[PDB]
Amino acid sequence: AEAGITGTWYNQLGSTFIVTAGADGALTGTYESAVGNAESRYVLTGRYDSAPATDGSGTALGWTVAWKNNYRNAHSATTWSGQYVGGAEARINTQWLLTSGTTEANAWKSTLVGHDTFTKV
Amino acid sequence: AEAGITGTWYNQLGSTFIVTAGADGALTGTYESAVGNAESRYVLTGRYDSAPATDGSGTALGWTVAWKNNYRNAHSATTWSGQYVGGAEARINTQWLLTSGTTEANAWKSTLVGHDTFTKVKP
Amino acid sequence: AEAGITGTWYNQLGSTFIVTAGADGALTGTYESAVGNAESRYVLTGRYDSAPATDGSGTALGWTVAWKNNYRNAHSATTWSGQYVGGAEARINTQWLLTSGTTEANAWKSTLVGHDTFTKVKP
Amino acid sequence: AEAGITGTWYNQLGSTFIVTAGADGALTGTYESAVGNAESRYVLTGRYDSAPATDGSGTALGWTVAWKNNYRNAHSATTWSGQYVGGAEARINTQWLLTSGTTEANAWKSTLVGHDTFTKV
Ligand SMILES: N=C1N[C@H]2[C@H](CS[C@H]2CCCCC(=O)O)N1
Ligand SMILES: N=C1N[C@H]2[C@H](CS[C@H]2CCCCC(=O)O)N1
Ligand SMILES: N=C1N[C@H]2[C@H](CS[C@H]2CCCCC(=O)O)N1
Ligand SMILES: N=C1N[C@H]2[C@H](CS[C@H]2CCCCC(=O)O)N1
């Protein structure tokens, strides 16, 4: 559970994200996706509950990745919102929103939604 | 543009968002919500496209607030995903996901989704 | 109330929604979209709570439109999930999911999410 | 692929839904959930693409369930939007929205979002 968010995680797509969880709620690290107009690592920043409940619940967290790095700019940003659950097999279950910058004309179709499950395997 | 996003913003619920856009695509600031099991200010961190398009396209950005501060802890976190659209009346149109920590069993009802529009007041 | 939902509604994009609420909680009608790879009217079917609450709570409902008719086929379907709120100015506030058929590989980008507000004009 | 949507499907939660796909795009059947303020079968109605593309893509579909039957009324409705994919192991991958009727005061928290995968196993 605590600390354990820190590590390298992988999702079903093969994306990899390396995060560091700070004692007070911050999440910092890099994200490398396996799909989209992405190329290399991208910086990610987020927050998590540094004092989750002492009952059998997960730890709420979220993070953002703007898809711009020294190699590509896909003019989009993704936010993942979910919870971490530890145990012999820890995982982070998330739902995400990917918004692309559009002209007002196409704002209605600017956001994709999906889900990703991350494990340390 | 960092400058354009930087400022004080408010949404239809009456919540306050104070943000500074850094040159590196970083967003930091505080959020004051008008609703929920939230009391006072909460730290927020996000990222935005610091090199958007010359198209009248919006600038994509997103940020997260974990609802825990020194006074309260709602054991939940919200992420806002949207676009900043400048002009005389600058707006940040978003869609958000609010996830609460739950037991495996009620995880199916852990996430709420909605949308918020922010209007700029100050830098 | 079936009666209250029954009518012609329009949303901010300029799309038309003609619906009849049946006594059994059924919704049937047609949708005319102002946007997308959609041309003409499409059949819609949904359900609503025919026994809502005496609370000023909204009436929950939802409906689906597969974007295929005798003139076009966009190979996608949208479901709107929301609440009907009556009064002098009746509204149906919704959030929708638009899924396109894709190959396993691009399934990660198969669904769009948004929100639409409908205003009633006629019964 | 075609016809094959018709059948009894189960999701990870144990919910069961029996659907009939009509030649022209309609989906009709019953839903029995394993979670929430649900009890028995609930009627469901939806639509699907009766002429999906002839390429390796899934068939888009969606359906709604108002959670009211002769036993319970949870004053909510769920819509599932996703696509069907056939093969030796067919499945329906969906994302859903569950909206509860609220007073304006609580409209901001009226909708839950999740995902369900259905198989005939
Ligand atoms: N690991 C994941 N990669 C895709 C989903 C959500 S974010 C997305 C990659 C998008 C890359 C940039 C783009 O194509 O816009 N999960
Ligand atoms: N300004 C906003 N406040 C509500 C929406 C999205 S997040 C939410 C407030 C939740 C407060 C903490 C909680 O109740 O968990 N917008
Ligand atoms: N009235 C609305 N039209 C758009 C939104 C949600 S569904 C969408 C139209 C899509 C048309 C068919 C398509 O492009 O796939 N509201
Ligand atoms: N099979 C599923 N059951 C839950 C999710 C989406 S709908 C939901 C059951 C809700 C029952 C009524 C309620 O609790 O409001 N998937």
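Residues numbered from 1 in each chain as written, not as in the entry; some residues may be left out. Chains lettered and ligands numbered in written order. Heavy atoms only, no water.

A. View of the site of ligand 2. Around ligand 2 lies a shell of 17 residues, among which B:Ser15, B:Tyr31, B:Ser33, B:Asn37 and B:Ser76 are the nearest. The environment around ligand 2 is built from residues contributed by chains B and D. B:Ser15 is positioned with one of its side-chain polar atoms (N or O) 2.8 Å from a nitrogen atom of ligand 2. Here B:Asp116 contributes a side-chain N or O atom positioned 3.0 Å from a nitrogen atom of ligand 2. Protein burial of ligand 2: of its 420 Å² of free accessible surface, 96% is covered by the chains. In terms of residue count, strand β6 (residues 73-85) of chain B provides more of the shell around ligand 2 than any other element does, 4 residues in total. Residue classes in the shell around ligand 2 are distributed as 9 nonpolar, 7 polar and 1 charged. (Near = heavy atom within 4 Å. Polar contact = N/O pair within 3.5 Å; in protein donor to acceptor, adjacent residues only side chain to side chain. Areas by Shrake-Rupley, 256 points an atom, 1.4 Å probe, with all protein chains shown as cover. Helix = DSSP H or I, 4+ residues; strand = E, 2+ residues; numbered from the N terminus. Nonpolar A, V, L, I, M, F, W, Y, C, P; charged D, E, K, R; others polar.)

B. Main features of the environment of C:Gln95. Here C:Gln95 shows up in strand β7 (residues 91-100). Spatially, the C-alpha atoms of C:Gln95 and C:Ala3 are 23 Å apart, while their sequence positions differ by 92 residues. The contacts of C:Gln95, once residues within four sequence positions are left out, are B:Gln95, B:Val113, B:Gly114, B:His115, C:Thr79, C:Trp80, C:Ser81, C:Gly114, C:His115, D:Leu97 and D:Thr111. (Contact = heavy atoms within 4.5 Å.)

C. How the structure looks around the interface of chain A and chain C. Counting residues at the interface gives 10 residues for chain A and 11 residues for chain C. In total, about 1,000 Å² of surface goes out of reach between chain A and chain C, with carbon and sulfur atoms giving 79% of it. It is A:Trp108, A:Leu112 and A:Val113 that lose the most area in chain A upon contact with chain C, and together they represent 57% of the buried surface on that side. Run the count over chain A and chain C and you get 0 salt bridges. Where chain A meets chain C, there are 2 residue pairs in polar contact. Within the residue set of the side of chain A that touches chain C, elements represented by two or more residues are β7 (91-100) and β8 (111-119) of chain A. Of the residues in the side of chain A that touches chain C, the class split is 7 nonpolar, 2 polar and 1 charged. (Buried area = accessible area lost by both parts, 1.4 Å probe. Salt bridge = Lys/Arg side-chain N within 4 Å of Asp/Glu carboxyl O.)

D. Quick peek at the site of ligand 1. Inspection of the region around ligand 1 gives 17 residues, with A:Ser15, A:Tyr31, A:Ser33, A:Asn37 and A:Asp116 positioned closest. Lying at an intersection of chains, ligand 1 is approached by residues of chains A and C. One nitrogen or oxygen atom from the main chain of A:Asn37 is found 2.9 Å from an oxygen atom belonging to ligand 1. At 2.9 Å, a side-chain N or O of A:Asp116 approaches a nitrogen atom of ligand 1. Protein chains bury 95% of the 410 Å² of accessible surface belonging to ligand 1 in isolation. Top contributing element to the shell around ligand 1 by residue count: strand β6 (residues 73-85) of chain A, with 3 residues.

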